[PDB]
Structures are given as structure tokens and as C-alpha cells.
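>>> PDB entry and its sequence, pasted below:
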Amino acid sequence: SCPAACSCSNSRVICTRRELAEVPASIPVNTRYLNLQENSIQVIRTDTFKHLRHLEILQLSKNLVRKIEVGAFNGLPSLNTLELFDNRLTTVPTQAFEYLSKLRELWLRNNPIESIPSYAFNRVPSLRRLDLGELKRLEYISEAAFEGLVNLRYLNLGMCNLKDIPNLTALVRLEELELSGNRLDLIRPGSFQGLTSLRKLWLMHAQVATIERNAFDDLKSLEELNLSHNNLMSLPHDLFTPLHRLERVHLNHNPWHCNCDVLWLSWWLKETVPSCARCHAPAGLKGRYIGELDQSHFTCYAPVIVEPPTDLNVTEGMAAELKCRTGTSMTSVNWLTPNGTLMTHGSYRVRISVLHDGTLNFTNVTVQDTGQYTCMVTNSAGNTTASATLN
Ligand SMILES: *[C@@H]1O[C@H](CO)[C@@H](O)[C@H](O)[C@H]1NC(C)=O
Ligand SMILES: [Zn+2]
């Protein structure tokens, strides 16, 4: 029995383009597809979807939806996709989607949502796509927001004005990440730590001014990387070098400073060739393609350790530090322990870690860490090292 202002087929009901204030009651039991878009629905009550055990696609987008009650989606063991975009939701309805291991797609794009609470989507761990796009009024994301989503492949946090990248370490199977249209000032290694399966990353129009040393080294399956339209002047030495599957990169519309620090990039471009980034400065090279720069225009020498490490006598328990500040800040820094273990700002080791400065940090150090440590700095022109022991 088909409802009034709708169009039924076969298991497909179409009730679009009608001034409907609430969901119609007379819904057939055997329906998979259900379109309730371009209507004026404000509230979604508990158990509004009765006996819909065949429902795979439910579409509640482009409405004035303001409230989704507790257990609104009970009795839906077939639900695959759910659309709620272009609505007026001020939060995410955590309790609504109660026990749904069948839900694969979720679209909360373009709502006035203010935050993503701890364990927001824990009730739907089988998610594959999650669209949180155009959340212009978003003000805070929980560190434990994206817990439970171990099967998520796609995530959209575009057009949200994010100051910092939220915690994504929980998402071990992520393959595509949209972060465009944000205010992500600088990019850190730890931002992407634990995203080895990530293939595409989009940081277009992100107001990105700096990328830290070894910021991407963890993303060892990255193929597409869009840093177009940002405030990048330079990139650290050999940022992309270790990423071996990288084949589409957009570097255009950044104020590229073409000094000695760009030569690794011009060489990488000249080599890798994604198949158009131009020098914005200095005036001598303005509008020259970065990947066509030969080395003759530049005078470059080994990197200079402005602040080399001095020897330290330390107590067992207290903090410790061995400095390695350099000219420039883009020059790559590798440390070397007395073990023979090499280290980098990209590394994910507890306690001991190389801060963005280039300095090697400690916390709760032991006496058995005694030995000679060496800072190994490299740029486009050569290698330079300085070494000092700690006790
Ligand atoms: C640290 O101790 C070693 C000997 O154990 C000594 O060579 C060194 O001068 C000491 N450093 C300072 C300045 O206390
Ligand atoms: Zn350009």
C-alpha cells in the first residue's frame, strides 16, 4: 500500500519535492530505497521506522532536521547508507544509531554541528565512508572521537575551519582523507602517525604555512597528495623521498622560495614527475618552473649546526636534552645513538624523541643510555655532523 504524496516502485519509495513537516506513517514493509529530500521535516522520533527490515538506503537530507531521538533507527538490520546532509543539526546523535553493524555510509555534511564527542560513532563500527563536510560551525573535536571505526576507508573533514588535525590514529584502515578548506597552520608527523593504508590526502586551501621534518614518512602507501593553494614557502629536505608510491602531487599556488632548499624538490619533481609549481621568489627566478632549475644559479654548501650538542652529566630520573639547531630549518636531521640506532622527527618511539627543533628529547632517562650521540644533518649540498656524549 503506497502512501499519498509519494511514488512507489516494485521496493523504492520517492516522496521528494513536497512540503512534508513529518515522516508519513503508511510506509510499505518491503522497501530498500527511501528518498525524503527537499522537504521541511524538523524532528525524527523514536521507532519512526517500523518493520523496515529490508531498508538499505534511507535519505533524510535537505530538510530542517533539528532533532534525532534515542533509537530512531531501531529495527533496521539492513541499513547500508544514511544521508542527513543540508539539515540543521547542532550535534551528532550518538544514541540514535543503536547497534548497526550493517551501516557502511553516513553523510552528515553541511550541518551547524558544534562538536564531535568522545566515542561518537562507536555504535556504528562497520562504517566505510563518513562525510563530515562543510561543518562551518564546528568548534571542537574529541581526541577519542573516532574510536571504533576500524573499518573506515573514507573520511571528509573539509570546509570545517580546523585549526589542528584531529586525532586519526584510531583509523588504521583509512584510505582517503579530505582536509581541504581548513586553517591547518602547520602539519606534524604525529598528525598522520598510524595511517599506513592511506592512499589519498587532500590539503588544498588549508592555509598551510609549514610542513615539519618527516611529517609524512609514516604514510608509506600515499599516491595522491594535494597541497595546492596554500602558504608554503619551502619543504623540508627529502620530505617525499621515502614515499615510493607517490604519483600525483599538486604544489601550485604556493609562494615558493627558490633558494638552495628547493633543489631536492626540483630534483624530485624532475625525477618523479607526477604528470607546474613556479618560483615566486626571489625576483631573479620569479615565474620559473621549479622542476626545470639547474644547480648553476645557486651557491650551496653543507648544513651549519648553529647550536651543536654539548656534553651532559645527568641524574637517573630527571629530564635530558642534546641540542641540534641548524641553518636552515628545512635541513634534514638524523640522530645516532650509542646503540647504532638511527632516529628522526618522524619516529614514533616513546620517551626518547627528536623534536621539530632537531633537538633530541628525553623523559625518565636511565644511566644505561650513557654513550656518544651524534647529530647527522643533510641538505642539497652535503652532510655535516656534530657529536657529544651524555652520562
Ligand atoms: C661528567 O663526568 C665525567 C666523568 O664521569 C667528566 O669527564 C666530566 O667533566 C663531567 N662533566 C661535568 C662538567 O660535570
Ligand atoms: Zn605557483
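That came in fine, so what should we check first? Numbers count the residues shown, from 1 in each chain. Ligands and ions are numbered 1, 2, ... in the order given.
>>> for residue 195, what are its contacts?
168, 169, 171, 172, 174, 177, 218, 219 (Cβ atoms under 8 Å, 6 or more residues apart in numbering). Heads up, the C-betas are built off the backbone N, CA and C, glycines and all.
>>> against ligand 2, how distant is it?
28 Å (Cβ to the ion, to the nearest Å).
>>> re earlier: let's have the contacts of residue 195 in TSV, adding distance to residue 268 and secondary structure.
As requested, the contacts of residue 195 are exported to TSV (distance: Cβ to Cβ, whole Å; DSSP: H, G, I helix; E, B strand; the rest coil):
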residue	distance to residue 268	secondary structure
168	26	coil
169	28	coil
171	28	coil
172	29	coil
174	25	coil
177	22	strand
218	19	coil
219	16	coil
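>>> of these, list those near ligand 2.
Among the contacts of residue 195, not one lies near ligand 2 by Cβ under 5 Å from the ion.
>>> neighbour count for those - can I get that in TSV?
Formatted as TSV, the contacts of residue 195 follow (neighbours: other Cβ atoms under 10 Å):
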residue	neighbour count
168	23
169	15
171	23
172	14
174	25
177	24
218	21
219	23
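>>> which one of those is nearest residue 272?
Residue 272 lies nearest to residue 219 out of those, by Cβ to Cβ, at 15.6 Å.
>>> now do the contacts for the closest one.
By Cβ under 8 Å, 6+ apart, residue 219 lies in contact with 192, 195, 196, 198, 201, 243.
>>> so who does the closest residue to the third one other than its chain neighbours touch?
Using Cβ to Cβ, 6 or more residues apart in numbering and skipping residues adjacent in sequence, the residue nearest residue 196 is residue 220, 5.6 Å away. By Cβ under 8 Å, 6+ apart, the contact list for residue 220 reads 196, 242, 243, 244, 245.
>>> nearest residue to the third one in space, please, no chain neighbours.
When you say that, I think you mean residue 243. Closest to residue 243 by Cβ to Cβ, 6+ apart is residue 222, at 5.4 Å.
>>> Three-state assignment for the one you found, please.
In three-state terms, and counting by DSSP: H, G, I helix; E, B strand; the rest coil, residue 222 is coil.
>>> looking at it, it is touching residue 248, isn't it?
No - using Cβ atoms under 8 Å, residue 222 is not in contact with residue 248, being 9.8 Å away.
>>> per the record, what domains does the protein have?
1-292, 293-391 (curated CATH domains).
>>> so which residues of the stretch 1-150 of the chain form strands?
For the stretch 1-150 of the chain, applying DSSP state E, counting those that start in this stretch gives strands covering 7-9, 12-14, 33-35, 43-44, 57-59, 67-68, 81-83, 105-107, 115-116, 129-131, 140-141.
>>> so what's the residue count around the one residue in the stretch 51-200 of the chain that gets nearest to ligand 2?
Using Cβ to the ion, the single residue of the stretch 51-200 of the chain nearest to ligand 2 is residue 180, 17.4 Å away. Residue 180: 21 surrounding residues under other Cβ atoms under 10 Å.
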